[PDB]
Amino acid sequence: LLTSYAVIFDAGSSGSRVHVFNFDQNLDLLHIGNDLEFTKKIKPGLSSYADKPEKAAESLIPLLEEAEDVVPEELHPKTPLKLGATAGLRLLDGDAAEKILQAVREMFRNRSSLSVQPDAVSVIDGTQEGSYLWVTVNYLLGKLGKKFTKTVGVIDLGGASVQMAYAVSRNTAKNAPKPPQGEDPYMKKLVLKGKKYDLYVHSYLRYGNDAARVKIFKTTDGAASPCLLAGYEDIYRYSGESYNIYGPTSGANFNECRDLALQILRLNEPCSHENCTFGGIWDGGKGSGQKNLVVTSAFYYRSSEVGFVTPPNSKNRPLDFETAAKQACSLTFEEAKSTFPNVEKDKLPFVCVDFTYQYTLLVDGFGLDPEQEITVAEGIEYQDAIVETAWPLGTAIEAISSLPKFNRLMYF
């Protein structure tokens, strides 16, 4: 049987992450050491070098060298290498994101020993990003090739954007409205293990967790934020901008903080085609494709640090996020430090604002039922190993499914 490794970089908003996978001729994963995935990451991301694109590309070299050392030397020249940048670069002002990508593909050309195609490096669309992760989760859960009603939908809360993506009926596809704005179309048509799927996919730029914070902080810009704790003041920098932020002397307030999160969503935008989520964006119908959700990335990190989410994934309910928020916003900054010792020091001030936003996004934003069961994940146990629940596996499956004489497990 023909074999192939794939190296896939996810250039996210707050970090860059290389994934290395290995596949047989059927697009079934193969081991690398004890594992089914090798991945490492670095912070900060590409967007943090908006002024110095050459240095953005150099930041990735450690990762590239690590991944090359993993793929056997004789196999380098025929091993695809891809990089997909997401909402971080999507928020840059334009000349700058292309200048970064140019440096990256020069570096790949000048320094990689792997296979670099003319499409290797790009800022991928939100819809592809949603879709790739959908593939990732449903592959890993073996729900792939089944009727759309037996597949799992996904919500990816990255730092700068959030994607919703779930499978949908020929019917809801046929009648999907034209997108508004400014906005990518709602449907993506793909074939996965011999069956055609019609994915609803939307990406909401600036509604990622970190970007959402900023929207919240701006609604009190002269003043104290109800989402922040007593004792706490600093300048918060995000996407080229500084904000002077601080908690009230009387302390955080869950309800007031909740109001700001709802306000940021613009839930009362005109909705040109019902039913909407927020900002006049069509929900895609909310059929059986979406009854079961796997929820990832920032829904995982802080939750697992305070401990109510469990590795590599766990069953939860949206209200789990409301109860964590109430708990976090009941505390001073000093108290938050001692009570939540596993939260990263530079994330700790935002526990109140993060959880109340996570909650109100799931429930008010996406209309989820506070008591409905969801799964929260960094990974899914696949055979004897854990493979990460992020978009790049989907992209690796696309790339290798197109090698000559390989199974076209996915495309389009």
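All residue numbers refer to positions in the sequence shown, first residue = 1.
Look at the mean CA B-factor for 134-142 and for 273-281 in the entry; the higher one is 273-281. When the mean C-alpha temperature factors of 183-191 and 100-108 are read from the deposited coordinates, 183-191 comes out higher.
Highest C-alpha temperature factor among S203, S303, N316, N171, as the PDB entry reports it: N171. In this entry, the residue among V162, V309, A176, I264 with the greatest C-alpha B factor is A176. Annotation for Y238: CA B-factor lies in the lowest third of the chain's modelled residues.
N26 sits in the highest third of its chain by CA B factor, as recorded in the PDB entry. Split the chain's modelled residues into thirds by C-alpha temperature factor. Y166 is in the middle one.
Among all modelled residues in this chain, the alpha-carbon of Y382 has a temperature factor (C-alpha) in the highest third. Residue-level temperature factors show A230 in the middle third of its chain, judged at the C-alpha atom.
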